[PDB]
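This document starts with one chain, in the form deposited in one PDB entry, laid out as structure tokens.
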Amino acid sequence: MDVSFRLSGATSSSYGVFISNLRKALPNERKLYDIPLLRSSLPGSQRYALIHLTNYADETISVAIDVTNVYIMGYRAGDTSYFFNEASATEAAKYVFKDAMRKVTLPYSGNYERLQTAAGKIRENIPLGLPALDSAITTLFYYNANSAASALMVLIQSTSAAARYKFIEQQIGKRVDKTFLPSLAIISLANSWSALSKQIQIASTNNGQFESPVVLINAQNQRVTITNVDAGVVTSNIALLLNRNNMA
């Protein structure tokens, strides 16, 4: 099921609607502690969804995600598709954007370490917020090799990461007419998503206790060691769980 967000006329509330809609597009059979557990595996015909994004200037891209893990596989602009250079995206390309005339395989996977190398910049120095998503859409719609990695990191954080964590949703959406640099809390949450997901699943079998702690950096910049499901990150932040059988 497809989802969309339009930057023209956007508000913090319409972004909230977009992120709720994105979360709702992701299949789950169960919740653990009131958090959706994503599917471990889906047939090809069920595995992908499109996010349609339109910038201030009415230019649109379509972004393919794997709905088992929220990972961006690639995007389409007009008659050209762009996929990450990795196994998952190669498989996605058999299912989405099939009638694109030209297909570009980007020179990196969609892994953050690869992207930052490619961008020449770390996440903390790349602006986010709604106007940043507008610029990322423009940058990718008129693809330019030297600018695309930074734009894809804005895209990832503005969609996937926001869907995974209410904190990230709220921080991005608040910036309607301005931009901001993500705090270490945003970096830390994004870094730890797989690990936190794994530990919450283990917790379900271990009376709410993690088997291994997750070190996070909180909104006050304190470094914290999280050990169970009564932690605020679990009660009041994470919004999706990566299935333990879809990690490695």
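Each residue number is its position in the shown sequence, starting from 1.
Beyond what is shown, the protein has a form solved in complex with a partner chain; the following relates to that form.
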Any non-hydrogen atom of residue 167 within 4.5 angstroms of its partner chain in the entry with it bound: yes
Non-hydrogen atom contact residue 16 with its partner chain in the entry with it bound at 4.5 angstroms: no
4.5 Å heavy atom contact, residue 41 and its partner chain in the entry with it bound: no
Partner contact for residue 61 in the entry with it bound: its partner chain, 4.5 angstroms, heavy atom: no
Option from 63 to 71, 47 to 55, 209 to 217, 32 to 40 whose residues, in the entry with it bound, bring a heavy atom within 4.5 Å of its partner chain: 209 to 217
The single option of 171, 159, 135, 116 touching its partner chain in the entry with it bound, heavy atom within 4.5 Å: 171
Residue among 26, 185, 203, 195 with a heavy atom within 4.5 Å of its partner chain in the entry with it bound: 185
Contact check for 175, 225 and 237 against its partner chain in the entry with it bound, heavy atom at 4.5 Å: yes
